[PDB]
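Coordinates as given in input03.cif (mmCIF, C-alpha atoms and all ligand atoms):
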```cif
data_target
#
loop_
_atom_site.label_atom_id
_atom_site.label_comp_id
_atom_site.auth_asym_id
_atom_site.auth_seq_id
_atom_site.Cartn_x
_atom_site.Cartn_y
_atom_site.Cartn_z
CA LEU A 169 56.85 -37.21 -22.72
CA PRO A 170 53.70 -35.99 -20.84
CA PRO A 171 52.16 -32.54 -21.59
CA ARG A 172 53.35 -29.88 -19.13
CA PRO A 173 50.21 -28.37 -17.49
CA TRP A 174 48.93 -24.88 -18.11
CA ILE A 175 48.56 -22.86 -14.96
CA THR A 176 45.98 -20.16 -15.34
CA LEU A 177 46.36 -17.22 -13.00
CA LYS A 178 43.93 -14.63 -14.22
CA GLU A 179 40.97 -14.62 -16.61
CA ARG A 180 40.73 -12.65 -19.88
CA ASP A 181 38.79 -9.35 -20.72
CA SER A 186 42.87 -5.14 -24.00
CA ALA A 187 45.12 -7.47 -26.08
CA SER A 188 46.37 -10.87 -25.06
CA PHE A 189 49.55 -12.52 -26.44
CA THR A 190 52.11 -15.17 -25.62
CA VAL A 191 55.87 -14.94 -24.98
CA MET A 192 58.37 -17.84 -25.11
CA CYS A 193 61.92 -17.65 -23.61
CA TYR A 194 64.23 -20.51 -24.37
CA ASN A 195 67.93 -21.26 -24.11
CA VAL A 196 68.50 -23.76 -26.86
CA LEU A 197 72.03 -24.93 -25.93
CA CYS A 198 74.44 -24.24 -28.79
CA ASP A 199 76.22 -27.11 -30.45
CA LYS A 200 79.66 -25.78 -29.51
CA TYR A 201 79.04 -26.34 -25.84
CA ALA A 202 77.13 -29.58 -26.21
CA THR A 203 80.03 -31.90 -25.33
CA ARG A 204 80.48 -35.20 -23.46
CA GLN A 205 82.80 -33.44 -21.06
CA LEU A 206 80.00 -31.11 -19.92
CA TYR A 207 77.16 -33.57 -20.45
CA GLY A 208 78.60 -36.98 -19.67
CA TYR A 209 75.23 -38.50 -18.89
CA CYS A 210 73.77 -37.98 -22.34
CA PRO A 211 74.61 -40.19 -25.37
CA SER A 212 76.55 -38.62 -28.24
CA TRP A 213 73.92 -39.41 -30.75
CA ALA A 214 71.41 -37.40 -28.60
CA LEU A 215 73.84 -34.47 -28.17
CA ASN A 216 74.61 -34.28 -31.86
CA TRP A 217 73.08 -31.13 -33.44
CA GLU A 218 71.50 -33.09 -36.36
CA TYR A 219 69.50 -34.96 -33.75
CA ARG A 220 68.89 -32.15 -31.14
CA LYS A 221 67.86 -29.45 -33.60
CA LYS A 222 64.68 -31.45 -34.54
CA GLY A 223 63.67 -31.45 -30.87
CA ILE A 224 64.46 -27.76 -30.53
CA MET A 225 62.37 -26.83 -33.57
CA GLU A 226 59.48 -29.08 -32.40
CA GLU A 227 59.59 -27.27 -29.04
CA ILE A 228 59.47 -23.82 -30.59
CA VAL A 229 56.84 -24.68 -33.24
CA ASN A 230 54.47 -26.33 -30.75
CA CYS A 231 54.71 -23.50 -28.25
CA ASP A 232 53.59 -21.33 -31.12
CA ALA A 233 54.29 -18.12 -29.12
CA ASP A 234 53.51 -14.72 -30.55
CA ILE A 235 56.96 -13.58 -29.31
CA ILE A 236 59.99 -15.84 -29.10
CA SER A 237 63.28 -14.98 -27.30
CA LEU A 238 66.08 -17.45 -27.92
CA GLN A 239 69.54 -17.65 -26.36
CA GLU A 240 72.56 -19.61 -27.57
CA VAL A 241 71.51 -19.46 -31.21
CA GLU A 242 74.45 -20.21 -33.43
CA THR A 243 74.95 -17.64 -36.20
CA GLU A 244 74.80 -20.00 -39.14
CA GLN A 245 71.90 -21.92 -37.52
CA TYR A 246 70.01 -18.64 -37.32
CA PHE A 247 70.25 -18.07 -41.09
CA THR A 248 69.72 -21.60 -42.38
CA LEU A 249 67.26 -22.98 -39.79
CA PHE A 250 65.63 -20.79 -37.20
CA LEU A 251 64.77 -17.87 -39.42
CA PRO A 252 63.72 -19.65 -42.58
CA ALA A 253 61.65 -22.22 -40.63
CA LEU A 254 59.93 -19.53 -38.51
CA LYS A 255 59.22 -17.27 -41.48
CA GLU A 256 57.34 -20.25 -42.91
CA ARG A 257 55.15 -19.98 -39.75
CA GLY A 258 54.45 -16.29 -39.90
CA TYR A 259 57.35 -14.82 -37.93
CA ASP A 260 59.97 -12.27 -38.63
CA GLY A 261 63.17 -12.06 -36.48
CA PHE A 262 66.22 -10.14 -35.22
CA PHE A 263 69.57 -11.74 -34.31
CA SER A 264 72.95 -10.56 -32.96
CA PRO A 265 75.92 -12.83 -32.23
CA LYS A 266 78.38 -12.09 -29.52
CA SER A 267 82.10 -11.33 -30.37
CA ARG A 268 81.34 -9.13 -33.30
CA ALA A 269 84.48 -7.05 -32.60
CA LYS A 270 86.63 -10.19 -31.99
CA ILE A 271 88.86 -11.36 -34.80
CA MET A 272 88.26 -14.98 -35.95
CA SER A 273 88.03 -17.19 -39.06
CA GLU A 274 84.85 -17.44 -41.23
CA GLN A 275 84.36 -20.91 -39.88
CA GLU A 276 84.51 -19.73 -36.25
CA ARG A 277 82.22 -16.81 -37.10
CA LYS A 278 79.44 -19.27 -38.20
CA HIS A 279 79.66 -21.03 -34.88
CA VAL A 280 79.34 -18.05 -32.52
CA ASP A 281 76.08 -17.83 -30.62
CA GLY A 282 73.79 -14.93 -29.86
CA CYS A 283 70.32 -13.83 -28.97
CA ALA A 284 67.26 -13.80 -31.22
CA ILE A 285 63.79 -12.29 -30.91
CA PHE A 286 61.00 -13.45 -33.20
CA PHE A 287 57.47 -12.14 -33.57
CA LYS A 288 54.27 -12.89 -35.59
CA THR A 289 54.06 -10.37 -38.46
CA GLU A 290 50.26 -10.78 -38.42
CA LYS A 291 50.30 -9.30 -34.90
CA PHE A 292 53.33 -6.97 -34.77
CA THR A 293 55.32 -4.57 -36.91
CA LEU A 294 59.02 -4.07 -36.26
CA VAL A 295 59.84 -0.41 -35.74
CA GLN A 296 63.39 -0.38 -34.24
CA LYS A 297 66.10 -2.93 -33.46
CA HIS A 298 69.04 -2.59 -31.05
CA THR A 299 72.05 -4.61 -29.95
CA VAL A 300 73.63 -3.98 -26.54
CA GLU A 301 77.19 -5.23 -26.10
CA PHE A 302 77.92 -5.33 -22.38
CA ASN A 303 81.78 -5.30 -22.88
CA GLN A 304 81.54 -2.00 -24.72
CA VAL A 305 79.06 -0.46 -22.30
CA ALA A 306 81.37 -1.43 -19.48
CA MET A 307 84.37 0.13 -21.11
CA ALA A 308 82.59 3.49 -21.85
CA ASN A 309 81.50 3.56 -18.16
CA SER A 310 84.63 2.18 -16.40
CA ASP A 311 85.63 5.51 -14.75
CA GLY A 312 88.94 4.57 -13.08
CA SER A 313 87.26 1.53 -11.52
CA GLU A 314 89.62 -1.41 -11.81
CA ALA A 315 86.93 -4.11 -11.32
CA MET A 316 84.86 -2.84 -14.28
CA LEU A 317 87.74 -3.17 -16.70
CA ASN A 318 89.30 -6.43 -15.54
CA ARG A 319 86.07 -8.19 -14.58
CA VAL A 320 83.15 -6.79 -16.59
CA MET A 321 84.73 -5.57 -19.79
CA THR A 322 86.46 -8.87 -20.32
CA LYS A 323 83.01 -10.65 -20.54
CA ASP A 324 81.69 -11.05 -24.06
CA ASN A 325 77.88 -11.00 -23.30
CA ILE A 326 74.98 -9.30 -25.13
CA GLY A 327 71.29 -8.39 -25.16
CA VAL A 328 69.01 -7.38 -28.05
CA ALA A 329 65.89 -5.39 -28.12
CA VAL A 330 63.17 -4.64 -30.61
CA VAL A 331 60.54 -1.94 -30.69
CA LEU A 332 57.27 -3.37 -32.00
CA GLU A 333 53.97 -1.90 -33.10
CA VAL A 334 51.01 -3.86 -31.67
CA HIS A 335 48.39 -4.12 -34.44
CA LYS A 336 45.38 -2.16 -33.22
CA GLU A 337 42.94 -4.97 -34.18
CA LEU A 338 44.26 -7.08 -31.27
CA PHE A 339 42.34 -4.82 -28.88
CA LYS A 351 49.84 3.81 -32.35
CA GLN A 352 50.69 1.25 -29.66
CA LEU A 353 54.31 0.26 -28.96
CA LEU A 354 55.97 -2.64 -27.18
CA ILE A 355 59.59 -3.20 -26.30
CA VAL A 356 60.83 -6.75 -26.15
CA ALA A 357 64.34 -7.30 -24.73
CA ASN A 358 66.28 -10.58 -24.66
CA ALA A 359 69.71 -11.09 -22.88
CA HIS A 360 72.15 -13.78 -21.80
CA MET A 361 74.36 -12.84 -18.84
CA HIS A 362 77.72 -14.36 -17.86
CA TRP A 363 77.31 -17.79 -16.20
CA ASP A 364 80.09 -18.11 -13.57
CA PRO A 365 78.73 -18.08 -9.96
CA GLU A 366 82.06 -16.61 -8.86
CA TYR A 367 80.94 -13.57 -10.83
CA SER A 368 77.69 -12.39 -9.23
CA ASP A 369 79.05 -8.83 -9.56
CA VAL A 370 79.39 -9.13 -13.33
CA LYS A 371 75.83 -10.59 -13.61
CA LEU A 372 74.50 -7.69 -11.59
CA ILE A 373 76.33 -5.01 -13.50
CA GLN A 374 75.38 -6.58 -16.88
CA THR A 375 71.73 -6.45 -15.74
CA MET A 376 72.03 -2.75 -14.78
CA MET A 377 73.65 -1.86 -18.04
CA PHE A 378 71.00 -3.77 -19.92
CA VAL A 379 68.13 -2.11 -18.11
CA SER A 380 69.53 1.42 -18.49
CA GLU A 381 70.41 0.81 -22.12
CA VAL A 382 66.77 -0.26 -22.60
CA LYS A 383 65.57 2.88 -20.74
CA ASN A 384 66.97 5.02 -23.52
CA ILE A 385 65.90 3.01 -26.47
CA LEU A 386 62.62 3.86 -24.76
CA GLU A 387 63.39 7.61 -24.98
CA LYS A 388 64.58 7.94 -28.61
CA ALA A 389 61.30 6.31 -29.77
CA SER A 402 55.21 5.01 -20.66
CA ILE A 403 55.85 2.14 -23.24
CA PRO A 404 55.25 -1.46 -22.18
CA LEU A 405 58.28 -3.72 -21.69
CA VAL A 406 58.78 -7.49 -21.89
CA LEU A 407 62.18 -8.64 -20.68
CA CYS A 408 63.39 -12.17 -21.38
CA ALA A 409 66.67 -13.42 -20.08
CA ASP A 410 68.92 -16.21 -19.17
CA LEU A 411 70.15 -14.20 -16.15
CA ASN A 412 72.17 -17.04 -14.70
CA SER A 413 70.83 -15.85 -11.37
CA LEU A 414 68.71 -17.54 -8.71
CA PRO A 415 65.48 -15.82 -7.44
CA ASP A 416 67.25 -14.94 -4.17
CA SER A 417 70.12 -13.15 -6.07
CA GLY A 418 70.91 -9.44 -6.20
CA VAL A 419 70.04 -9.33 -9.92
CA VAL A 420 66.54 -10.65 -9.37
CA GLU A 421 66.12 -8.45 -6.32
CA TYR A 422 67.16 -5.50 -8.50
CA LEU A 423 64.72 -6.31 -11.34
CA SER A 424 61.78 -7.19 -8.97
CA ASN A 425 62.02 -4.26 -6.54
CA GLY A 426 63.04 -1.39 -8.83
CA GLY A 427 66.41 -1.20 -7.14
CA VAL A 428 69.20 -2.58 -4.97
CA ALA A 429 71.75 -1.27 -2.43
CA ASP A 430 75.23 -0.27 -3.70
CA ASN A 431 76.70 -2.50 -0.97
CA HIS A 432 74.65 -5.59 -1.83
CA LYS A 433 76.94 -8.55 -1.15
CA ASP A 434 76.62 -9.68 -4.79
CA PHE A 435 78.79 -6.71 -5.71
CA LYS A 436 81.45 -8.52 -3.62
CA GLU A 437 84.09 -5.82 -4.37
CA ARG A 459 70.87 2.48 -3.49
CA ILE A 460 71.02 1.79 -7.29
CA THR A 461 67.58 2.22 -8.86
CA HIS A 462 65.78 1.86 -12.18
CA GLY A 463 62.64 3.38 -13.67
CA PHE A 464 60.55 0.29 -14.48
CA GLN A 465 57.98 -1.67 -12.52
CA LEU A 466 58.52 -5.28 -13.42
CA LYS A 467 57.22 -8.66 -12.31
CA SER A 468 58.38 -12.16 -13.11
CA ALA A 469 55.70 -14.07 -15.03
CA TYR A 470 56.61 -17.14 -12.97
CA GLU A 471 57.05 -15.55 -9.55
CA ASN A 472 56.28 -17.43 -6.32
CA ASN A 473 58.02 -20.61 -7.42
CA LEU A 474 55.87 -21.80 -10.34
CA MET A 475 58.77 -23.82 -11.73
CA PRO A 476 61.30 -25.48 -9.53
CA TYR A 477 64.08 -25.32 -12.20
CA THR A 478 64.66 -23.78 -15.60
CA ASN A 479 68.15 -25.26 -16.02
CA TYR A 480 68.51 -28.97 -15.28
CA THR A 481 71.92 -30.65 -15.16
CA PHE A 482 73.42 -33.32 -12.93
CA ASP A 483 75.50 -30.73 -11.01
CA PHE A 484 73.04 -27.91 -11.01
CA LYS A 485 69.28 -27.32 -11.13
CA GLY A 486 67.48 -24.07 -10.46
CA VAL A 487 65.57 -21.15 -11.81
CA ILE A 488 67.88 -18.89 -13.82
CA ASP A 489 65.75 -17.92 -16.81
CA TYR A 490 62.96 -15.34 -16.60
CA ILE A 491 60.28 -13.41 -18.36
CA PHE A 492 59.64 -10.07 -16.70
CA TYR A 493 56.92 -7.66 -17.82
CA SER A 494 55.88 -4.11 -16.84
CA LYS A 495 53.01 -4.52 -14.35
CA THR A 496 51.60 -1.04 -15.02
CA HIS A 497 50.50 -2.11 -18.48
CA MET A 498 50.10 -5.90 -18.25
CA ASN A 499 48.90 -8.97 -16.28
CA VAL A 500 49.83 -12.61 -16.54
CA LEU A 501 46.88 -14.71 -17.65
CA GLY A 502 48.87 -17.97 -17.33
CA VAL A 503 52.18 -19.82 -17.61
CA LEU A 504 53.31 -23.17 -18.96
CA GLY A 505 54.15 -25.00 -15.72
CA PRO A 506 56.78 -27.59 -14.91
CA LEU A 507 57.48 -30.90 -16.52
CA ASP A 508 56.06 -33.51 -14.18
CA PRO A 509 58.78 -34.51 -11.63
CA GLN A 510 57.39 -38.10 -11.45
CA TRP A 511 57.90 -38.46 -15.16
CA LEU A 512 61.57 -37.40 -14.85
CA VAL A 513 62.03 -39.67 -11.87
CA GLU A 514 60.28 -42.60 -13.60
CA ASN A 515 62.50 -42.14 -16.59
CA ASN A 516 65.60 -41.75 -14.46
CA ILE A 517 66.40 -38.30 -15.85
CA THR A 518 68.48 -36.25 -13.48
CA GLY A 519 70.24 -34.15 -16.14
CA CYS A 520 69.53 -32.69 -19.58
CA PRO A 521 69.84 -32.78 -22.56
CA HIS A 522 68.45 -36.29 -22.90
CA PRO A 523 67.03 -38.15 -25.95
CA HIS A 524 63.61 -36.58 -25.26
CA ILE A 525 64.81 -33.18 -23.99
CA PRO A 526 66.96 -31.36 -26.54
CA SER A 527 68.45 -28.65 -24.23
CA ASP A 528 69.57 -28.35 -20.56
CA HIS A 529 67.04 -25.53 -20.05
CA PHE A 530 63.24 -25.79 -20.10
CA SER A 531 61.34 -23.18 -22.17
CA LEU A 532 59.20 -20.65 -20.39
CA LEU A 533 55.92 -19.60 -22.00
CA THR A 534 53.50 -17.02 -20.65
CA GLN A 535 50.25 -15.45 -21.79
CA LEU A 536 50.02 -11.74 -21.08
CA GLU A 537 47.24 -9.13 -21.24
CA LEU A 538 48.10 -5.66 -22.44
CA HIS A 539 46.12 -2.46 -21.82
CA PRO A 540 46.64 0.97 -23.49
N1 LIG B 1 89.94 -15.36 -42.29
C1 LIG B 1 90.32 -14.94 -41.06
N2 LIG B 1 89.95 -13.71 -40.56
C2 LIG B 1 90.35 -13.33 -39.33
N3 LIG B 1 91.11 -14.11 -38.53
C3 LIG B 1 91.55 -15.35 -38.91
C4 LIG B 1 91.15 -15.84 -40.25
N4 LIG B 1 91.70 -17.06 -40.41
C5 LIG B 1 92.38 -17.36 -39.26
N5 LIG B 1 92.29 -16.35 -38.36
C6 LIG B 1 92.95 -16.35 -37.03
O1 LIG B 1 93.42 -17.67 -36.70
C7 LIG B 1 92.73 -18.20 -35.56
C8 LIG B 1 92.42 -19.68 -35.71
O2 LIG B 1 91.96 -19.92 -37.05
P1 LIG B 1 91.35 -21.36 -37.47
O3 LIG B 1 92.51 -22.35 -37.38
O4 LIG B 1 90.83 -21.11 -38.88
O5 LIG B 1 90.28 -21.56 -36.40
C9 LIG B 1 91.47 -17.37 -35.49
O6 LIG B 1 90.90 -17.36 -34.18
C10 LIG B 1 91.97 -16.01 -35.93
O7 LIG B 1 92.70 -15.38 -34.86
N1 LIG B 2 73.42 -18.67 -10.10
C1 LIG B 2 74.17 -19.74 -10.35
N2 LIG B 2 74.68 -20.48 -9.36
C2 LIG B 2 75.42 -21.60 -9.59
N3 LIG B 2 75.74 -22.01 -10.82
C3 LIG B 2 75.26 -21.34 -11.91
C4 LIG B 2 74.41 -20.16 -11.72
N4 LIG B 2 74.10 -19.68 -12.94
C5 LIG B 2 74.69 -20.50 -13.86
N5 LIG B 2 75.35 -21.49 -13.23
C6 LIG B 2 76.14 -22.52 -13.91
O1 LIG B 2 76.20 -22.14 -15.29
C7 LIG B 2 75.28 -22.96 -16.04
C8 LIG B 2 74.33 -22.14 -16.89
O2 LIG B 2 74.99 -21.76 -18.09
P1 LIG B 2 74.13 -21.01 -19.25
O3 LIG B 2 73.90 -22.15 -20.27
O4 LIG B 2 75.07 -19.88 -19.72
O5 LIG B 2 72.86 -20.56 -18.55
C9 LIG B 2 74.50 -23.75 -15.00
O6 LIG B 2 74.17 -25.02 -15.56
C10 LIG B 2 75.50 -23.87 -13.87
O7 LIG B 2 76.57 -24.80 -14.17
#
```
Output the file's structure as structure tokens, nothing else.
Amino acid sequence: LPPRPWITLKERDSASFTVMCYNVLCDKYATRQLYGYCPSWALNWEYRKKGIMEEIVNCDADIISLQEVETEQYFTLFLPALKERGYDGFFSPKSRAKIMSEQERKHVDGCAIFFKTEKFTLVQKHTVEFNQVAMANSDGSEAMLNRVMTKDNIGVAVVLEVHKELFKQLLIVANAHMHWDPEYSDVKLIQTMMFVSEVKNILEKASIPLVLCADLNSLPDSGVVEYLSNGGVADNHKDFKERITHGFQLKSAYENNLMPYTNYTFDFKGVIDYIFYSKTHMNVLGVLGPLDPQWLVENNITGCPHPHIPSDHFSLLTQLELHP
């Protein structure tokens, strides 16, 4: 495995810090049926978890957003290992309201945010359950109830205090994992709108910089990305299949095609994971760029996971500069 290159975009000098966003691929969906091209011994969680940890540890981000973190893995692996490195963390599973055995409850995945206690102090934590937000806002709309409310997805957010010696300063970090099905671009879009307006809100109760990490399951051309990038989208955008605006001014850390793919499978490759930040308060100094395509080609790797790549997503990592 060759080092992915750093791509520097702006020079320093304010407070700099790094953010990692990584979908880890939970054990429950790591099957031969979905990943036929990868040996069982390399799919097995005992094997893959080492690679996942190594990835996270060596990125050594100040802020880590993870998706597809298994509940029991959060308590017995991610959190104790990352505490050992100076982090604290917040986790919520999906399906909290769903009835299931204790066994099944250990295996349910969710979203985690972690942060260096040396650099940040946790002030507030929130969980946003898209099913419940959909139901409370259905309004005699049949699509909402049948299509959105039936999707079990979530987002989490923390309010953090940025330690003044890095320059009472606040930062909101939000992590989400939208529904995956490309037949459901409307759900993806609506889940994004609910997430953004639920975040605008957290922002009221406690003008405050925002970092948004997500597995959006949406291409850069999509209505969801259009909506996050341009502050709004038209109510008749084709992605709704069946103008809406937001208050933030956000940019993608990796915009203008810096990676060709974040998710990498035999059947599908493209950019679907993102780190967005509020441009009024921050710049990107740099990003961790793509794994070298020659290396993948030379090693005959057209899908992940693989023995040297422990997930079917690649991590994103960005350095940002924050101003008061
Ligand atoms: N301890 C439990 N609490 C709640 N539901 C349970 C429990 N045990 C079994 N169930 C129900 O039985 C289904 C299958 O259980 P299991 O065979 O243990 O996976 C679960 O999805 C639940 O609907
Ligand atoms: N925008 C999209 N277009 C086509 N397929 C997608 C898209 N987003 C997700 N997928 C599919 O869903 C998978 C991502 O699942 P997840 O692990 O939830 O991100 C991809 O590997 C594709 O199979």
Closest-contact table, chain A side, partner ligand LIG 1 (chain B), 10 Å, counting all atoms listed in the file, as a tab-separated table:
```
residue	atom	partner	partner_atom	distance
A:270	CA	B:LIG1	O7	8.5
A:271	CA	B:LIG1	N3	5.2
A:272	CA	B:LIG1	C10	3.9
A:273	CA	B:LIG1	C4	3.6
A:274	CA	B:LIG1	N1	5.6
A:275	CA	B:LIG1	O4	6.5
A:276	CA	B:LIG1	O5	6.1
A:277	CA	B:LIG1	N2	9.0
```
Once you count all atoms listed in the file, which residues end up within 10 Å of ligand LIG 2 (chain B), and could you hand them over as a PyMOL selection string?
-> chain A and resi 195-198+201+206+239-240+325+360-368+371+409-417+419+478-489+519-520+527-529
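Of note, CA of residue 223 (chain A) and CA of residue 502 (chain A) are spaced 24.2 Å apart.
Of the listed residues (A:332, A:238, A:357, A:532), A:238 comes nearest to residue 225 (chain A); the distances count all atoms listed in the file.
Picture a line from CA of residue 379 (chain A) to CA of residue 231 (chain A); it runs 27.2 Å.
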Return the single residue from A:491, A:251, A:501, A:354 that is closest to residue 389 (chain A), with distances computed using only C-alpha atoms.
->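 Ranking A:491, A:251, A:501, A:354 by distance to residue 389 (chain A), first place goes to A:354.
Comparing A:376, A:205, A:497, A:228 by their smallest distance to residue 531 (chain A), the closest is A:228 (using only C-alpha atoms).
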Can you tell me, as a PyMOL selection string, what residues are no more than 9 Å from residue 406 (chain A) when counting all atoms listed in the file, ignoring any on the same chain fewer than 2 positions away?
-> chain A and resi 191+354-358+404+408+466+491-494
So which residues fall inside 12 Å of (81.8, -1.9, -21.1) if we count all atoms listed in the file? Mind giving them as JSON, numbers by chain?
-> {"A": [300, 301, 302, 303, 304, 305, 306, 307, 308, 309, 310, 311, 313, 315, 316, 317, 318, 319, 320, 321, 322, 323, 324, 325, 326, 370, 373, 374, 376, 377, 378, 381]}
Take the residues that were just selected and, keeping C-alpha atoms, output them as a short mmCIF file (atom, residue, chain, number, x, y, z; two decimals), in the frame of the given file.
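File written: result.cif
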```cif
data_model
loop_
_atom_site.label_atom_id
_atom_site.label_comp_id
_atom_site.auth_asym_id
_atom_site.auth_seq_id
_atom_site.Cartn_x
_atom_site.Cartn_y
_atom_site.Cartn_z
CA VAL A 300 73.63 -3.98 -26.54
CA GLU A 301 77.19 -5.23 -26.10
CA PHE A 302 77.92 -5.33 -22.38
CA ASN A 303 81.78 -5.30 -22.88
CA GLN A 304 81.54 -2.00 -24.72
CA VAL A 305 79.06 -0.46 -22.30
CA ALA A 306 81.37 -1.43 -19.48
CA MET A 307 84.37 0.13 -21.11
CA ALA A 308 82.59 3.49 -21.85
CA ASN A 309 81.50 3.56 -18.16
CA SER A 310 84.63 2.18 -16.40
CA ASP A 311 85.63 5.51 -14.75
CA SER A 313 87.26 1.53 -11.52
CA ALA A 315 86.93 -4.11 -11.32
CA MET A 316 84.86 -2.84 -14.28
CA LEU A 317 87.74 -3.17 -16.70
CA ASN A 318 89.30 -6.43 -15.54
CA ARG A 319 86.07 -8.19 -14.58
CA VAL A 320 83.15 -6.79 -16.59
CA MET A 321 84.73 -5.57 -19.79
CA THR A 322 86.46 -8.87 -20.32
CA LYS A 323 83.01 -10.65 -20.54
CA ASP A 324 81.69 -11.05 -24.06
CA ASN A 325 77.88 -11.00 -23.30
CA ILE A 326 74.98 -9.30 -25.13
CA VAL A 370 79.39 -9.13 -13.33
CA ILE A 373 76.33 -5.01 -13.50
CA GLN A 374 75.38 -6.58 -16.88
CA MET A 376 72.03 -2.75 -14.78
CA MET A 377 73.65 -1.86 -18.04
CA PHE A 378 71.00 -3.77 -19.92
CA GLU A 381 70.41 0.81 -22.12
#
```
Among A:243, A:352, A:515, A:230, residue 278 (chain A) is approached most closely, using only C-alpha atoms, by A:243
Could you check which of A:284, A:233, A:175, A:533 is closest to residue 265 (chain A), using only C-alpha atoms?
->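 When distances to residue 265 (chain A) are compared using only C-alpha atoms, the smallest one comes from A:284.
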Do you have the CA of residue 436 (chain A)-CA of residue 424 (chain A) distance handy?
-> 20.4 Å
Which is closer to residue 473 (chain A) than all the others in A:505, A:173, A:208, A:258, using all atoms listed in the file?
->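 So, comparing all the options, the nearest one is A:505.
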Take the point (66.9, 1.1, -10.6) as written in the file and pick out every residue within 8 Å of it, counting only C-alpha atoms; give the list as an NGL selection string.
-> :A and (376 or 422-423 or 426-428 or 460-464)
With 6 Å added on each side, what axis-aligned box encloses every listed atom of region 381-409 of chain A? Give the centre and edge lengths in Å to one decimal, as lines of an AutoDock Vina configuration file.
```
center_x = 62.8
center_y = -2.7
center_z = -24.9
size_x = 27.2
size_y = 33.4
size_z = 21.7
```
Please supply region 415-427 of chain A, rebuilt with N, CA, C and O atoms, as a PDB file, in the coordinates of the input.
```pdb
ATOM      1  N   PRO A 415      66.465 -16.819  -7.907  1.00  0.00           N
ATOM      2  CA  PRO A 415      65.480 -15.820  -7.440  1.00  0.00           C
ATOM      3  C   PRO A 415      65.910 -15.065  -6.179  1.00  0.00           C
ATOM      4  O   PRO A 415      65.513 -13.929  -6.010  1.00  0.00           O
ATOM      5  N   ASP A 416      66.724 -15.665  -5.324  1.00  0.00           N
ATOM      6  CA  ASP A 416      67.250 -14.940  -4.170  1.00  0.00           C
ATOM      7  C   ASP A 416      68.346 -13.898  -4.500  1.00  0.00           C
ATOM      8  O   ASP A 416      68.601 -13.005  -3.692  1.00  0.00           O
ATOM      9  N   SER A 417      68.984 -14.011  -5.667  1.00  0.00           N
ATOM     10  CA  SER A 417      70.120 -13.150  -6.070  1.00  0.00           C
ATOM     11  C   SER A 417      69.869 -11.649  -6.021  1.00  0.00           C
ATOM     12  O   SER A 417      68.723 -11.183  -6.005  1.00  0.00           O
ATOM     13  N   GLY A 418      70.963 -10.884  -6.035  1.00  0.00           N
ATOM     14  CA  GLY A 418      70.910  -9.440  -6.200  1.00  0.00           C
ATOM     15  C   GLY A 418      70.366  -8.975  -7.541  1.00  0.00           C
ATOM     16  O   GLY A 418      69.694  -7.907  -7.625  1.00  0.00           O
ATOM     17  N   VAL A 419      70.626  -9.737  -8.611  1.00  0.00           N
ATOM     18  CA  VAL A 419      70.040  -9.330  -9.920  1.00  0.00           C
ATOM     19  C   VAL A 419      68.528  -9.414  -9.943  1.00  0.00           C
ATOM     20  O   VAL A 419      67.847  -8.514 -10.463  1.00  0.00           O
ATOM     21  N   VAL A 420      67.997 -10.469  -9.331  1.00  0.00           N
ATOM     22  CA  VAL A 420      66.540 -10.650  -9.370  1.00  0.00           C
ATOM     23  C   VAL A 420      65.919  -9.659  -8.417  1.00  0.00           C
ATOM     24  O   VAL A 420      64.952  -8.998  -8.774  1.00  0.00           O
ATOM     25  N   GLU A 421      66.514  -9.523  -7.231  1.00  0.00           N
ATOM     26  CA  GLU A 421      66.120  -8.450  -6.320  1.00  0.00           C
ATOM     27  C   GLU A 421      66.073  -7.096  -7.005  1.00  0.00           C
ATOM     28  O   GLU A 421      65.090  -6.373  -6.897  1.00  0.00           O
ATOM     29  N   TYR A 422      67.116  -6.770  -7.752  1.00  0.00           N
ATOM     30  CA  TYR A 422      67.160  -5.500  -8.500  1.00  0.00           C
ATOM     31  C   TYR A 422      66.057  -5.323  -9.564  1.00  0.00           C
ATOM     32  O   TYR A 422      65.503  -4.229  -9.743  1.00  0.00           O
ATOM     33  N   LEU A 423      65.790  -6.377 -10.334  1.00  0.00           N
ATOM     34  CA  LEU A 423      64.720  -6.310 -11.340  1.00  0.00           C
ATOM     35  C   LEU A 423      63.330  -6.283 -10.693  1.00  0.00           C
ATOM     36  O   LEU A 423      62.485  -5.529 -11.157  1.00  0.00           O
ATOM     37  N   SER A 424      63.106  -7.079  -9.636  1.00  0.00           N
ATOM     38  CA  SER A 424      61.780  -7.190  -8.970  1.00  0.00           C
ATOM     39  C   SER A 424      61.361  -5.953  -8.197  1.00  0.00           C
ATOM     40  O   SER A 424      60.210  -5.550  -8.266  1.00  0.00           O
ATOM     41  N   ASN A 425      62.299  -5.384  -7.442  1.00  0.00           N
ATOM     42  CA  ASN A 425      62.020  -4.260  -6.540  1.00  0.00           C
ATOM     43  C   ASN A 425      62.406  -2.879  -7.030  1.00  0.00           C
ATOM     44  O   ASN A 425      62.450  -1.945  -6.239  1.00  0.00           O
ATOM     45  N   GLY A 426      62.718  -2.727  -8.308  1.00  0.00           N
ATOM     46  CA  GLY A 426      63.040  -1.390  -8.830  1.00  0.00           C
ATOM     47  C   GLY A 426      64.393  -0.843  -8.383  1.00  0.00           C
ATOM     48  O   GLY A 426      64.832   0.227  -8.846  1.00  0.00           O
ATOM     49  N   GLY A 427      65.062  -1.563  -7.490  1.00  0.00           N
ATOM     50  CA  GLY A 427      66.410  -1.200  -7.140  1.00  0.00           C
ATOM     51  C   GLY A 427      67.100  -2.108  -6.159  1.00  0.00           C
ATOM     52  O   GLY A 427      66.490  -3.058  -5.634  1.00  0.00           O
TER      53      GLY A 427
END
```
